[PDB]
file protein_26.pdb (PDB, C-alpha atoms and all ligand atoms)
ATOM      1  CA  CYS L 837     -61.833 -50.635  23.429  1.00  0.00           C
ATOM      2  CA  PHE L 838     -64.893 -50.049  25.641  1.00  0.00           C
ATOM      3  CA  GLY L 839     -65.316 -46.249  25.683  1.00  0.00           C
ATOM      4  CA  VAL L 840     -61.651 -45.313  25.945  1.00  0.00           C
ATOM      5  CA  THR L 841     -59.578 -44.871  22.785  1.00  0.00           C
ATOM      6  CA  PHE L 842     -55.960 -46.055  22.669  1.00  0.00           C
ATOM      7  CA  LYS L 843     -53.220 -44.255  20.737  1.00  0.00           C
ATOM      8  CA  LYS L 844     -49.866 -45.580  19.584  1.00  0.00           C
ATOM      9  CA  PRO L 845     -46.677 -44.653  21.457  1.00  0.00           C
ATOM     10  CA  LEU L 846     -44.645 -41.904  19.809  1.00  0.00           C
ATOM     11  CA  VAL L 847     -41.041 -42.442  18.746  1.00  0.00           C
ATOM     12  CA  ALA L 848     -38.533 -39.780  19.798  1.00  0.00           C
ATOM     13  CA  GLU L 849     -35.505 -38.392  17.992  1.00  0.00           C
ATOM     14  CA  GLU L 850     -32.425 -39.461  19.930  1.00  0.00           C
ATOM     15  CA  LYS L 851     -30.232 -36.382  19.400  1.00  0.00           C
ATOM     16  CA  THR L 852     -30.561 -32.752  18.347  1.00  0.00           C
ATOM     17  CA  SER L 853     -27.895 -30.334  17.108  1.00  0.00           C
ATOM     18  CA  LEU L 854     -27.962 -26.574  17.732  1.00  0.00           C
ATOM     19  CA  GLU L 855     -26.768 -24.258  14.953  1.00  0.00           C
ATOM     20  CA  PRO L 856     -27.895 -20.721  15.845  1.00  0.00           C
ATOM     21  CA  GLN L 857     -28.247 -17.985  13.247  1.00  0.00           C
ATOM     22  CA  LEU L 858     -25.640 -15.227  13.407  1.00  0.00           C
ATOM     23  CA  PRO L 859     -25.896 -11.624  12.154  1.00  0.00           C
ATOM     24  CA  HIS L 860     -23.838 -10.686   9.095  1.00  0.00           C
ATOM     25  CA  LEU L 861     -21.987  -7.400   9.567  1.00  0.00           C
ATOM     26  CA  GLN L 862     -20.430  -7.507   6.066  1.00  0.00           C
ATOM     27  CA  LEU L 863     -17.414  -5.344   6.871  1.00  0.00           C
ATOM     28  CA  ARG L 864     -15.403  -4.279   3.832  1.00  0.00           C
ATOM     29  CA  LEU L 865     -11.962  -3.362   5.220  1.00  0.00           C
ATOM     30  CA  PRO L 866     -11.073  -7.045   5.823  1.00  0.00           C
ATOM     31  CA  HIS L 867      -9.987  -9.116   2.818  1.00  0.00           C
ATOM     32  CA  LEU L 868      -8.401  -5.997   1.286  1.00  0.00           C
ATOM     33  CA  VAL L 869      -4.780  -7.122   1.726  1.00  0.00           C
ATOM     34  CA  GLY L 870      -4.118  -6.853  -2.008  1.00  0.00           C
ATOM     35  CA  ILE L 871      -4.383  -3.065  -1.884  1.00  0.00           C
ATOM     36  CA  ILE L 872      -1.783  -2.955   0.898  1.00  0.00           C
ATOM     37  CA  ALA L 873       0.489  -5.218  -1.152  1.00  0.00           C
ATOM     38  CA  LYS L 874       0.084  -2.870  -4.121  1.00  0.00           C
ATOM     39  CA  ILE L 875       0.977   0.059  -1.851  1.00  0.00           C
ATOM     40  CA  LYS L 876       4.161  -1.751  -0.812  1.00  0.00           C
ATOM     41  CA  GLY L 877       5.518  -1.880  -4.368  1.00  0.00           C
ATOM     42  CA  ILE L 878       5.386   1.752  -5.502  1.00  0.00           C
ATOM     43  CA  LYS L 879       8.841   1.562  -7.149  1.00  0.00           C
ATOM     44  CA  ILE L 880       9.587   5.186  -8.016  1.00  0.00           C
ATOM     45  CA  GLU L 881      12.400   5.482 -10.565  1.00  0.00           C
ATOM     46  CA  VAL L 882      14.798   8.447 -10.486  1.00  0.00           C
ATOM     47  CA  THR L 883      17.711   8.805 -12.916  1.00  0.00           C
ATOM     48  CA  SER L 884      20.730  10.913 -11.997  1.00  0.00           C
ATOM     49  CA  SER L 885      20.955  14.129 -14.019  1.00  0.00           C
ATOM     50  CA  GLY L 886      24.450  15.249 -14.951  1.00  0.00           C
ATOM     51  CA  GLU L 887      26.129  11.841 -14.932  1.00  0.00           C
ATOM     52  CA  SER L 888      25.206  11.445 -18.604  1.00  0.00           C
ATOM     53  CA  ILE L 889      26.237  15.001 -19.526  1.00  0.00           C
TER      54      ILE L 889
ATOM     55  CA  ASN F 573      42.714  42.143 -22.338  1.00  0.00           C
ATOM     56  CA  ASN F 574      43.090  39.842 -25.333  1.00  0.00           C
ATOM     57  CA  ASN F 575      39.880  39.469 -27.331  1.00  0.00           C
ATOM     58  CA  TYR F 576      40.025  35.690 -26.945  1.00  0.00           C
ATOM     59  CA  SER F 577      41.103  35.826 -23.283  1.00  0.00           C
ATOM     60  CA  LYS F 578      38.081  37.631 -21.830  1.00  0.00           C
ATOM     61  CA  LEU F 579      36.013  35.148 -23.824  1.00  0.00           C
ATOM     62  CA  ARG F 580      37.895  32.122 -22.487  1.00  0.00           C
ATOM     63  CA  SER F 581      37.341  33.451 -18.967  1.00  0.00           C
ATOM     64  CA  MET F 582      33.569  33.635 -19.504  1.00  0.00           C
ATOM     65  CA  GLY F 583      33.658  30.152 -21.007  1.00  0.00           C
ATOM     66  CA  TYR F 584      35.224  29.030 -17.737  1.00  0.00           C
ATOM     67  CA  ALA F 585      32.302  30.376 -15.699  1.00  0.00           C
ATOM     68  CA  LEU F 586      29.607  29.188 -18.093  1.00  0.00           C
ATOM     69  CA  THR F 587      30.032  25.440 -17.125  1.00  0.00           C
ATOM     70  CA  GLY F 588      30.406  25.260 -13.341  1.00  0.00           C
ATOM     71  CA  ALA F 589      26.903  26.696 -13.096  1.00  0.00           C
ATOM     72  CA  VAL F 590      25.536  23.815 -15.184  1.00  0.00           C
ATOM     73  CA  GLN F 591      27.476  21.235 -13.165  1.00  0.00           C
ATOM     74  CA  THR F 592      26.327  22.613  -9.805  1.00  0.00           C
ATOM     75  CA  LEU F 593      22.740  22.943 -11.042  1.00  0.00           C
ATOM     76  CA  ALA F 594      22.754  19.272 -12.042  1.00  0.00           C
ATOM     77  CA  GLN F 595      24.170  18.299  -8.644  1.00  0.00           C
ATOM     78  CA  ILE F 596      21.539  20.278  -6.723  1.00  0.00           C
ATOM     79  CA  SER F 597      18.761  18.849  -8.904  1.00  0.00           C
ATOM     80  CA  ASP F 598      19.947  15.311  -8.157  1.00  0.00           C
ATOM     81  CA  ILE F 599      20.147  16.045  -4.424  1.00  0.00           C
ATOM     82  CA  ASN F 600      16.609  17.453  -4.356  1.00  0.00           C
ATOM     83  CA  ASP F 601      15.159  14.546  -6.340  1.00  0.00           C
ATOM     84  CA  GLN F 602      16.853  11.954  -4.125  1.00  0.00           C
ATOM     85  CA  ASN F 603      15.646  13.685  -0.954  1.00  0.00           C
ATOM     86  CA  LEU F 604      12.070  13.772  -2.261  1.00  0.00           C
ATOM     87  CA  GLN F 605      12.191  10.082  -3.191  1.00  0.00           C
ATOM     88  CA  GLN F 606      13.559   9.116   0.231  1.00  0.00           C
ATOM     89  CA  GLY F 607      10.824  11.106   1.963  1.00  0.00           C
ATOM     90  CA  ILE F 608       8.122   9.433  -0.124  1.00  0.00           C
ATOM     91  CA  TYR F 609       9.544   5.981   0.634  1.00  0.00           C
ATOM     92  CA  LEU F 610       9.683   6.658   4.378  1.00  0.00           C
ATOM     93  CA  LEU F 611       6.092   7.918   4.343  1.00  0.00           C
ATOM     94  CA  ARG F 612       4.807   4.869   2.454  1.00  0.00           C
ATOM     95  CA  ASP F 613       6.654   2.464   4.765  1.00  0.00           C
ATOM     96  CA  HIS F 614       5.176   4.069   7.876  1.00  0.00           C
ATOM     97  CA  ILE F 615       1.719   4.159   6.273  1.00  0.00           C
ATOM     98  CA  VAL F 616       1.844   0.438   5.440  1.00  0.00           C
ATOM     99  CA  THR F 617       2.984  -0.418   8.967  1.00  0.00           C
ATOM    100  CA  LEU F 618       0.109   1.585  10.460  1.00  0.00           C
ATOM    101  CA  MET F 619      -2.350   0.163   7.913  1.00  0.00           C
ATOM    102  CA  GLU F 620      -1.765  -3.520   8.701  1.00  0.00           C
ATOM    103  CA  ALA F 621      -2.607  -3.312  12.419  1.00  0.00           C
ATOM    104  CA  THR F 622      -6.025  -1.683  12.016  1.00  0.00           C
ATOM    105  CA  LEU F 623      -7.032  -4.320   9.459  1.00  0.00           C
ATOM    106  CA  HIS F 624      -6.018  -7.114  11.838  1.00  0.00           C
TER     107      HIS F 624
HETATM  108  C1  LIG L 901     -18.466 -15.984   6.543  1.00  0.00           C
HETATM  109  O1  LIG L 901     -17.930 -15.878   5.232  1.00  0.00           O
HETATM  110  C2  LIG L 901     -18.791 -16.433   4.227  1.00  0.00           C
HETATM  111  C3  LIG L 901     -18.043 -16.343   2.917  1.00  0.00           C
HETATM  112  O2  LIG L 901     -17.637 -15.010   2.642  1.00  0.00           O
HETATM  113  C4  LIG L 901     -20.127 -15.692   4.204  1.00  0.00           C
HETATM  114  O3  LIG L 901     -21.000 -16.375   3.311  1.00  0.00           O
HETATM  115  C5  LIG L 901     -21.545 -15.475   2.329  1.00  0.00           C
HETATM  116  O4  LIG L 901     -22.680 -14.765   2.836  1.00  0.00           O
HETATM  117  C6  LIG L 901     -23.258 -13.846   1.897  1.00  0.00           C
HETATM  118  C7  LIG L 901     -24.371 -13.125   2.620  1.00  0.00           C
HETATM  119  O5  LIG L 901     -25.428 -14.013   2.958  1.00  0.00           O
HETATM  120  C8  LIG L 901     -23.739 -14.600   0.661  1.00  0.00           C
HETATM  121  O6  LIG L 901     -24.243 -13.672  -0.292  1.00  0.00           O
HETATM  122  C9  LIG L 901     -22.592 -15.398   0.055  1.00  0.00           C
HETATM  123  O7  LIG L 901     -23.069 -16.194  -1.023  1.00  0.00           O
HETATM  124  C10 LIG L 901     -21.955 -16.297   1.108  1.00  0.00           C
HETATM  125  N1  LIG L 901     -20.819 -17.013   0.551  1.00  0.00           N
HETATM  126  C11 LIG L 901     -20.571 -18.301   0.806  1.00  0.00           C
HETATM  127  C12 LIG L 901     -19.356 -18.879   0.145  1.00  0.00           C
HETATM  128  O8  LIG L 901     -21.293 -18.970   1.538  1.00  0.00           O
HETATM  129  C13 LIG L 901     -20.755 -15.656   5.593  1.00  0.00           C
HETATM  130  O9  LIG L 901     -21.888 -14.796   5.590  1.00  0.00           O
HETATM  131  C14 LIG L 901     -19.752 -15.169   6.634  1.00  0.00           C
HETATM  132  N2  LIG L 901     -20.323 -15.245   7.968  1.00  0.00           N
HETATM  133  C15 LIG L 901     -20.657 -14.167   8.683  1.00  0.00           C
HETATM  134  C16 LIG L 901     -21.235 -14.432  10.041  1.00  0.00           C
HETATM  135  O10 LIG L 901     -20.499 -13.029   8.255  1.00  0.00           O
END
call {"tool": "encode", "arguments": {"input": "protein_26.pdb", "output": "structure tokens"}}
result
Amino acid sequence: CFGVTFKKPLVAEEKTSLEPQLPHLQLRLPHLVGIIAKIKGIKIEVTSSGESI
Amino acid sequence: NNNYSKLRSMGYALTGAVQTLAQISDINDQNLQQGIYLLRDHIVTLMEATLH
């Protein structure tokens, strides 16, 4: 209109959510509980010698 | 000095050695097993805390 140009109003997103990126250390000692559980049950068997004889 | 007598006497000695040897073997084996069990128990107890 005349010399000036008119532009439409811009709609705005109401909310934003922040989810930052985190470094991944990738440690291996955690989630190894099964090995500890296996260590718990060694179960060495010893039979008395001389009771039979 | 009967020929059977000094043989019976050696037969007496030739069995207490076996009995005592068996007893000492059992004692040693049981002690070793108890030591191993104590070591593994302490190792597990120390191992849990560092993981946590
Ligand atoms: C939290 O744990 C999850 C599951 O272990 C990890 O997600 C894995 O990440 C690796 C590396 O990018 C991928 O190869 C796997 O496919 C992912 N698995 C799943 C189920 O998503 C995640 O990386 C861990 N978070 C941190 C910060 O270490």
call {"tool": "interface_residues", "arguments": {"input": "protein_26.pdb", "of": "chain F", "to": "chain L", "cutoff": "8 Å", "atoms": "all atoms listed in the file", "output": "short mmCIF file (atom, residue, chain, number, x, y, z; two decimals) with C-alpha atoms, keeping the file's coordinate frame"}}
result
data_model
loop_
_atom_site.label_atom_id
_atom_site.label_comp_id
_atom_site.auth_asym_id
_atom_site.auth_seq_id
_atom_site.Cartn_x
_atom_site.Cartn_y
_atom_site.Cartn_z
CA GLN F 591 27.48 21.24 -13.16
CA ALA F 594 22.75 19.27 -12.04
CA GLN F 595 24.17 18.30 -8.64
CA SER F 597 18.76 18.85 -8.90
CA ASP F 598 19.95 15.31 -8.16
CA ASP F 601 15.16 14.55 -6.34
CA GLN F 602 16.85 11.95 -4.12
CA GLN F 605 12.19 10.08 -3.19
CA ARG F 612 4.81 4.87 2.45
CA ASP F 613 6.65 2.46 4.76
CA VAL F 616 1.84 0.44 5.44
CA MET F 619 -2.35 0.16 7.91
CA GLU F 620 -1.76 -3.52 8.70
CA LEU F 623 -7.03 -4.32 9.46
CA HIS F 624 -6.02 -7.11 11.84
#
call {"tool": "atom_distance", "arguments": {"input": "protein_26.pdb", "atom1": "atom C12 of ligand LIG 901 (chain L)", "atom2": "CA of residue 621 in chain F"}}
result
26.0 Å
call {"tool": "atom_distance", "arguments": {"input": "protein_26.pdb", "atom1": "atom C14 of ligand LIG 901 (chain L)", "atom2": "CA of residue 854 in chain L"}}
result
17.9 Å
call {"tool": "residues_near_ligand", "arguments": {"input": "protein_26.pdb", "ligand": "ligand LIG 901 (chain L)", "cutoff": "8 Å", "atoms": "all atoms listed in the file", "output": "PyMOL selection string"}}
result
chain L and resi 858-862
call {"tool": "atom_distance", "arguments": {"input": "protein_26.pdb", "atom1": "CA of residue 610 in chain F", "atom2": "CA of residue 596 in chain F"}}
result
21.2 Å
call {"tool": "axis_aligned_box", "arguments": {"input": "protein_26.pdb", "around": "range 591-609 of chain F", "padding_each_side": "4 Å", "output": "JSON"}}
result
{"center_x": 17.8, "center_y": 14.5, "center_z": -5.6, "size_x": 27.4, "size_y": 25.0, "size_z": 23.1}
